[PDB]
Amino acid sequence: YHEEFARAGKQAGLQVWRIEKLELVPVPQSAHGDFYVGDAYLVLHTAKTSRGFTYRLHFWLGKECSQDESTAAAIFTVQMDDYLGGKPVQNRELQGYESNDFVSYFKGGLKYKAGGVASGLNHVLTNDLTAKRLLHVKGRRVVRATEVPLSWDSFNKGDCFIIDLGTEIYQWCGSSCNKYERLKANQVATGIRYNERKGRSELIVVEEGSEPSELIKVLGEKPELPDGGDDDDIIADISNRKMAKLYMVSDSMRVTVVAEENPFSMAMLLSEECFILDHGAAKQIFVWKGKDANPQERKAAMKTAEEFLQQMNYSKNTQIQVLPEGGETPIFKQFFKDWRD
């Protein structure tokens, strides 16, 4: 019913919408990758196949968005899903914990902008040039630029920071950060100048201990810098250990174990029921919904999955992927020894 659903999934490519006071508002192509820290988004990826149209539906939740702001995103995803006839694959995306597939849609990386709809902020593209902000650039695999308070308190020796003053962008490189971190932060700074300023802006690379007068004017005198925190985010352990479990959901919700170790057999998946493939140790849980399974139980898959994490004492930041029968992902299918299409 909401106007945009009519625009959704018509042709191949990526479509980003931001939930603005219970309404779907498109996010322009240039703004793709920028997400407000206090907002909820809907990301739809359309793939053309011979005949077929394959959908990868994602709902991104901001760190500062409310419980009710999060609820609206979940409803919109359910409405979008049945609007697309239960053909799409749904994913709950959490800020700083989003999946590889979601991450792969934005080549320049992710930009976490402070504020949101409550601060009156828009994705409406502007020449701008009046901007004053600070971006903390972190991550080796995935480049994440986070909007941090524009002061020396945010700073650390081991990382790269981008001071965006509008007409000029400063790439502050910490004394103890390597070549890879410098290049990645540069790509973000080049991204602002070209994408947001149209190349009018000027890029100045700044070294710690050598900051210009303009920088120390806004920021003030530079004090001692804390040693760069080593994030060393958890990386999947490679072994011959079979860490996945197969569960069947029996309506609150009751989980019954099907298989105590992967590889699973395709026959275990019954069209009459909803299943949970647990790979919680590797940060991923999958909700497989049978074609002849109860429709009310199918719609509550996201809620069922969140309850599963809580019951099995997993982190609330575990990746949730909801799959319809026949719309299984290559990652889900590979847990099976006898997968047949």
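The numbering used is simple: start at 1 and walk along the sequence shown.
A chain break between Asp251 and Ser252 is present, corresponding to 1 to 3 residues of the deposited sequence without coordinates. For the segment pair 96-104 and 80-88, the entry gives 80-88 the higher mean B-factor, averaged over Cα atoms. Note on 204-212 vs 109-117: mean CA B-factor is higher in 204-212.
Ranked against the other modelled residues of its chain, the C-alpha B-factor of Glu147 as given in the entry falls in the lowest third.
Sort the chain's modelled residues by C-alpha temperature factor and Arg298 lands in the middle third, per the entry. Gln67 sits in the middle third of its chain by CA B factor, as recorded in the PDB entry.
Annotation for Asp292: C-alpha temperature factor in the highest third relative to the rest of the modelled chain, per the entry. Among all modelled residues in this chain, the alpha-carbon of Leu129 has a temperature factor (C-alpha) in the highest third.
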